[PDB]
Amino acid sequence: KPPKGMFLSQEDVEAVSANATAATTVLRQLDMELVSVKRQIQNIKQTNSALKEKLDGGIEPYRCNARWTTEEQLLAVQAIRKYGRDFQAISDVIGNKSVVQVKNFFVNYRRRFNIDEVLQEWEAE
């Protein structure tokens, strides 16, 4: 097999000899494919460099208890019509109820906060 760091496919030999200039056809149409891909690189760098501008500033100017208030219960139900089953969201919104206490409430009331009826509403996204 070829000495280390020489490259010789059955294929490539047939292909650089198949006529009397396949020789320097093949070398050039790579030379040319090379400049194409360098030009694509400059274009996609300019494009990218614009969006880094649009991102200038970042988003800098843009930032418990187990007794349920009635305030809290109503925040829950509403969170349900707008978060279905995302107990982490519902808990984030209610402010002061672990992700369990949500899941519990979610059953304890279930019947009399029409929670099934609420969730078939949330179906419709």
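Start at 1 with the first residue shown and count on from there.
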message: Test of understanding: from the entry's C-alpha B-factors, which stretch has the higher mean, 68-76 or 96-104?
response: 96-104
- prompt: Looking at the C-alpha B-factor of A20, is it in the lowest, middle or highest third of its chain?
  reply: middle
query: Lowest, middle or highest third: where is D86 by C-alpha B factor in its chain?
result: lowest
- prompt: Against its chain's modelled residues, does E53's Cα B factor rank lowest, middle or highest third?
  reply: middle
